[PDB]
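Data first, discussion second: the structure below is written as structure tokens.
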Amino acid sequence: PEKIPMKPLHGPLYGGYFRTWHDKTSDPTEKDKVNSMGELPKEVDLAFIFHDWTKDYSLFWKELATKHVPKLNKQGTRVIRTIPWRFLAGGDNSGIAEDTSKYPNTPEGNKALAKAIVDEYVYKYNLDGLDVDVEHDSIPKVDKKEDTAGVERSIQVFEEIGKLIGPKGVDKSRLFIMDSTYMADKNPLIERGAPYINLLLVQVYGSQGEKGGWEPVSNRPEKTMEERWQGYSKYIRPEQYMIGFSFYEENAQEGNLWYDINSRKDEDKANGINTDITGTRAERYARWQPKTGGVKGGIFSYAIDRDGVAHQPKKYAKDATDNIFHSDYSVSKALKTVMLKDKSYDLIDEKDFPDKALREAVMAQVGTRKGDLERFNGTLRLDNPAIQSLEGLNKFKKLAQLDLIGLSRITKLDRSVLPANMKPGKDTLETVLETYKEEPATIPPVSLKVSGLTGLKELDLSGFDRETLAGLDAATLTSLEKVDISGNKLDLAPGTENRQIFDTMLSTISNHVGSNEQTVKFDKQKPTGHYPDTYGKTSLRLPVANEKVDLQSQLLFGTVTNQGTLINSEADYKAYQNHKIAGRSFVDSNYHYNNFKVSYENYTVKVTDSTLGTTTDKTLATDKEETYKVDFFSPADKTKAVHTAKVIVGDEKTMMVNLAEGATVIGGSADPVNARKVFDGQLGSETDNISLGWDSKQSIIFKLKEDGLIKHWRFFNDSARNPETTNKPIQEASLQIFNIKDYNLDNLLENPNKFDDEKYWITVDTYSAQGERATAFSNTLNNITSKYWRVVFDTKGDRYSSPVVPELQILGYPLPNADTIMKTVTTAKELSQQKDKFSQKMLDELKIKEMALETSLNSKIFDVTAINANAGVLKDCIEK
Ligand SMILES: [Ca+2]
Numbered sequence: 008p009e010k011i012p013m014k015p016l017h018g019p020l021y022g023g024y025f026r027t028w029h030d031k032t033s034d035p036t037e038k039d040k041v042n043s044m045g046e047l048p049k050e051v052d053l054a055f056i057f058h059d060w061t062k063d064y065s066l067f068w069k070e071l072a073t074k075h076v077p078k079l080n081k082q083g084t085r086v087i088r089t090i091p092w093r094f095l096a097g098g099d100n101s102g103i104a105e106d107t108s109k110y111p112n113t114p115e116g117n118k119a120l121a122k123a124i125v126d127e128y129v130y131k132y133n134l135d136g137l138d139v140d141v142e143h144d145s146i147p148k149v150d151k152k153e154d155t156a157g158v159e160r161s162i163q164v165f166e167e168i169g170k171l172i173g174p175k176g177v178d179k180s181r182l183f184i185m186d187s188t189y190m191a192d193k194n195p196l197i198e199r200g201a202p203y204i205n206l207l208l209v210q211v212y213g214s215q216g217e218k219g220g221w222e223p224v225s226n227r228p229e230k231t232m233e234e235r236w237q238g239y240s241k242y243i244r245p246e247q248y249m250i251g252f253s254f255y256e257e258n259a260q261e262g263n264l265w266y267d268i269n270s271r272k273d274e275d276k277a278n279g280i281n282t283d284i285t286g287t288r289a290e291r292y293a294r295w296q297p298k299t300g301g302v303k304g305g306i307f308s309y310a311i312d313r314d315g316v317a318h319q320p321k322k323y324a325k326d327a328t329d330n331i332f333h334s335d336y337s338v339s340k341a342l343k344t345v346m347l348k349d350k351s352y353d354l355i356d357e358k359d360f361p362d363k364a365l366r367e368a369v370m371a372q373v374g375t376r377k378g379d380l381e382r383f384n385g386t387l388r389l390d391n392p393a394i395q396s397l398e399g400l401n402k403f404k405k406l407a408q409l410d411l412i413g414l415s416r417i418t419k420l421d422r423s424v425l426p427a428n429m430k431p432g433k434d435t436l437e438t439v440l441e442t443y444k445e446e447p448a449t450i451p452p453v454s455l456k457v458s459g460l461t462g463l464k465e466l467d468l469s470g471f472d473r474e475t476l477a478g479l480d481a482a483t484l485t486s487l488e489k490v491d492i493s494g495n496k497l498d499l500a501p502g503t504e505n506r507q508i509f510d511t512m513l514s515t516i517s518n519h520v521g522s523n524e525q526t527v528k529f530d531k532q533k534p535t536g537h538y539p540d541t542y543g544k545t546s547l548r549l550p551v552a553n554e555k556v557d558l559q560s561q562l563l564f565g566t567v568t569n570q571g572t573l574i575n576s577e578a579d580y581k582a583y584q585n586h587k588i589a590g591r592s593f594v595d596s597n598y599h600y601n602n603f604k605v606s607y608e609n610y611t612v613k614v615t616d617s618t619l620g621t622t623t624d625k626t627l628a629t630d631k632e633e634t635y636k637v638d639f640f641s642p643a644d645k646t647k648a649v650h651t652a653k654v655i656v657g658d659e660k661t662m663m664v665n666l667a668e669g670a671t672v673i674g675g676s677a678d679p680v681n682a683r684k685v686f687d688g689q690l691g692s693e694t695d696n697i698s699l700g701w702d703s704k705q706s707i708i709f710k711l712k713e714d715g716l717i718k719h720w721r722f723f724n725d726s727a728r729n730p731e732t733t734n735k736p737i738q739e740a741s742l743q744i745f746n747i748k749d750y751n752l753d754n755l756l757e758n759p760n761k762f763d764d765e766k767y768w769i770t771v772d773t774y775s776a777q778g779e780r781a782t783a784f785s786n787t788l789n790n791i792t793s794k795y796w797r798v799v800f801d802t803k804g805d806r807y808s809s810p811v812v813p814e815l816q817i818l819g820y821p822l823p824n825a826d827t828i829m830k831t832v833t834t835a836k837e838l839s840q841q842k843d844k845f846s847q848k849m850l851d852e853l854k855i856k857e858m859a860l861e862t863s864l865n866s867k868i869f870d871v872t873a874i875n876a877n878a879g880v881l882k883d884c885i886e887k
């Protein structure tokens, strides 16, 4: 039949999914189906056809096209064909797209598929639009496997369909609709599909759709109703957004029980009808509006053939409501009535914006509903010079950006003609949804840009707590005769951008009517205190004394304004407090240093000494001569330093390096793979098996990587990695170097585990645990130069008390030929004890060159060049 013309879509809308297998004409076999899709009331704006694609129902499609559609159109109801996502791709159950012959994955093939799709599902029965179901159940598949190529192809075709129908199509009278279960960032079709659709329908069935899901790990609601909208707010307009609940489907199973309408009473066994809307999730969905952006397009219901049917009680999730009922659609009519009482959908009129040019701009850029003014958080640009009055701007509650451009007829700017969110504030919009507990979100103040207002005589921005004056093109405000920027948070110190803008306005005013206390106001400012991006004090030299030092207060300090003004101390702020403009300060009298300064109270430190020993104490004792590296951390990020400084107590000592990191395990009675983990440079993961062996006494024979002079060593207990360790700490320990003087190195390498015995080695230090808890042990070493080492750990407990050592550090400074340098300095000592062989005068000259080398070897500032020189002087002196 010929298509009855219908008025353009105008929300708030009600949609409904009518399942085809519940229309009388669908299956003549049964008679329990007493419902008809043509019986849907005028209250329904969108009648969706949800079909069982395995069924034929040829009698239904005829009834639909010839009787249902004319009846529904005449009352103003549109009929939309719902097709699966996979119908746009190919593969399993893809309908038309199964025939790859006529519709290949080509540009012209996709273009042909799009035409065939609208031909078959839209125009064939003269329907009012196409609805694409995009969810997991409708995903493109090939042999039951999800197909990326299919999904990617379905992004096209969709674009091609959109060129035929929808707001960007040839036939705009046909709607193009996407319904989905996905979030925007999980919907691969929304980004390129959104410009082609009229409406986006989100399925939010059940309490999980309403409240969102409770995420276990975070102790916080995820995927909430507001988050879902916010995700799609990037792609569509609020008026295109429709949320959905579900009626009770007969014989519904677990996973399909939503309870979006009132359940059956646990005693009323003979009744399956409950047309009451009171307390339902559907009634709450009808009244729900987004907090930002604007008012929604409306709501929709699934299984609208089950309208009026009570839900099966939750107690029976493993009935009278499972019978088939003849619906009169009371619930649908009731919900549409609720949405029509929503005053949010009242049109923005001349009362809101008396100026026609302004009213037009708002209607184009924001919306047409009064409730959009409460929610719009985008950008309103006013660059139409015709605008004579800004009356109505105060109606904006959440506006993000306002551009006043070239409006040369405006003579005054104040709070009465500016957005209500000029000053800070919280969300006042009430919530209608159930929650798991609603903390009022912070409404960001509107960013204001004013340029070209050449007729502006008064500018009043007082008492808005404005953070900055950025946006004011003061040079263009040539008619200014009065200004008031007092009572904000502006930093008006000289050299700042805020000051530049103010001075320009001041100059204009002085020339016009003269600058006085009634034409120029700027005081009572409370500038915000911020953390500096960088810190200047990277070095601190302290004398050796019996004093404790607060590292934070001496290295990590300072508060900066958003204009760049850095205040490092109360003295700096006092100098800031008497910055004068026209003889008086701009800073509020009650805004003191403690009110302005940021707090470093919860910052943490990491102090590393020259032996690479670490502490986390913010207080440093200067009773010992030591050089430190100090890292500072913010509470927000404990693994990333906001500032690094060097602290030198007494004479500076060069920072040592772990010469044992990356060493090679050669032997020793220990797990060779875990033994390598004491040299990896980390404490390891708590979950990692790091035990050296089974016996309580394990040993490790290893080789260093770089020639160096060893001056220290350190090993950690398991408690350094895990404070709650059950592993027994190391009781006895020995650090050893190879006895290369009395034994052959070659024998050691060819068979290492034969030399896993003390006699082949020389103990250079011994550790005996005192008893108290200790995360590590460290000790000094007297200039050791051995490439090959041996270490023995022992917990001295029972067996199965494995020696657990997260790291072994052998510290010192890099020095090539260190082994040889110590040879010639050792020979110098040997010859000095041969007093029967050389004269005292020959020895005294030698001792000078000997004590010259030792001084450079033990020099606090480690000089490799000087060491080489003093070693060369000595070696030539020993020859002969
Ligand atoms: Ca380790």
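Each residue of the sequence shown is one higher than the one before, counting from 8 in my numbering.
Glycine residues also receive a C-beta, built at the ideal position from the N, C-alpha and C atoms.
According to the DSSP assignment, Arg88 belongs to no alpha helix (DSSP H) but to the beta strand (DSSP E) extending over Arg85 to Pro91. Sequence-distant Cβ neighbours of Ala727 in its own chain, meaning closer than 8 Å and more than five residues away, are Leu690, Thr782, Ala783, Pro813 and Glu814. Taking 9 Å as the cut-off, the Cβ atoms of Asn553 and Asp624 do not count as close. Distances from the CB of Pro810 to the heavy atoms of ligand 1 are all 8 Å or more. With a threshold of 16 other beta carbon atoms within 10 Å, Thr515 meets it and is buried.
For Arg160, the enclosing alpha helix (DSSP H) covers residues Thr155 to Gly169.
Rounded to the nearest whole angstrom, the CA to CA distance from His537 to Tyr607 is 11 Å. When secondary structure is reduced to three states using DSSP, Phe639 falls in the strand class. Around the Cβ of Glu222, a 10 Å sphere holds fewer than 16 other Cβ atoms; the residue is exposed. For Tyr21, the enclosing beta strand (DSSP E) has its first and last residue at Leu20 to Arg26.
Between the beta-carbon of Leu788 and that of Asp772 there is about 7 Å, and that keeps the pair under the 8 Å contact cut. The C-alpha of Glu488 lies about 16 Å from the C-alpha of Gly459.
For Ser809, there is no enclosing beta strand (DSSP E), as DSSP marks it with neither H nor E.
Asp687 has its CB nearer than 8 Å to a heavy atom of ligand 1.
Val76: member of the alpha helix (DSSP H) spanning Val76 to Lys81, first to last residue. With fewer than 16 other beta carbons inside 10 angstroms of its own, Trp60 counts as exposed. When distances are taken from the beta-carbon of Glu814 to the heavy atoms of ligand 1, the shortest one is below 8 Å. Assigned with DSSP and collapsed to three states, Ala873 falls in helix.
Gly200 sits in a helix when the DSSP states are folded into three classes. At least one heavy atom of ligand 1 falls within 8 Å of the beta-carbon of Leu690. Counting the other CB atoms within 10 Å of its CB gives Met858 a total below 16, which places it among the exposed residues. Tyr266 is not a Cβ neighbour of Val211, given a cutoff of 9 Å. Just measuring C-alpha positions, the residue of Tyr610, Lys581 and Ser423 sitting nearest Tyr598 is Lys581.
For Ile697, the shortest C-beta to heavy atom distance toward ligand 1 is below 8 Å. When DSSP states are grouped into helix, strand and coil, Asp144 belongs to the helix group.
Taking a contact as a CB-CB distance under 8 Å, the pair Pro147 and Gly98 counts as one, their CB atoms being some 6 Å apart.
Ranked by Cα distance from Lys40, the options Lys496, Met370, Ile331 and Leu354 are led by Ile331. Within the DSSP bridge table, the entry for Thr651 names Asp638 as partners. The beta-carbon distance between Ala96 and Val141, rounded to whole angstroms, is 11 Å. This is too long to meet the 8 Å contact definition. With 16 or more other Cβ atoms inside 10 Å of its own Cβ, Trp92 counts as buried. In terms of CA proximity to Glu261, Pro320 leads the group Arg313, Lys276 and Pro320. The DSSP assignment places 577-584 and 600-603 as complete runs of the alpha helix (DSSP H) inside the segment 563-615, in order along the chain (cut-off: 4 residues). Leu411 sits away from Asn428, with the two beta carbons spaced by 9 Å or more. Unbroken beta strand (DSSP E) runs of no fewer than 3 residues, entirely contained in the segment 31-68, are found at 53-57, following chain order.
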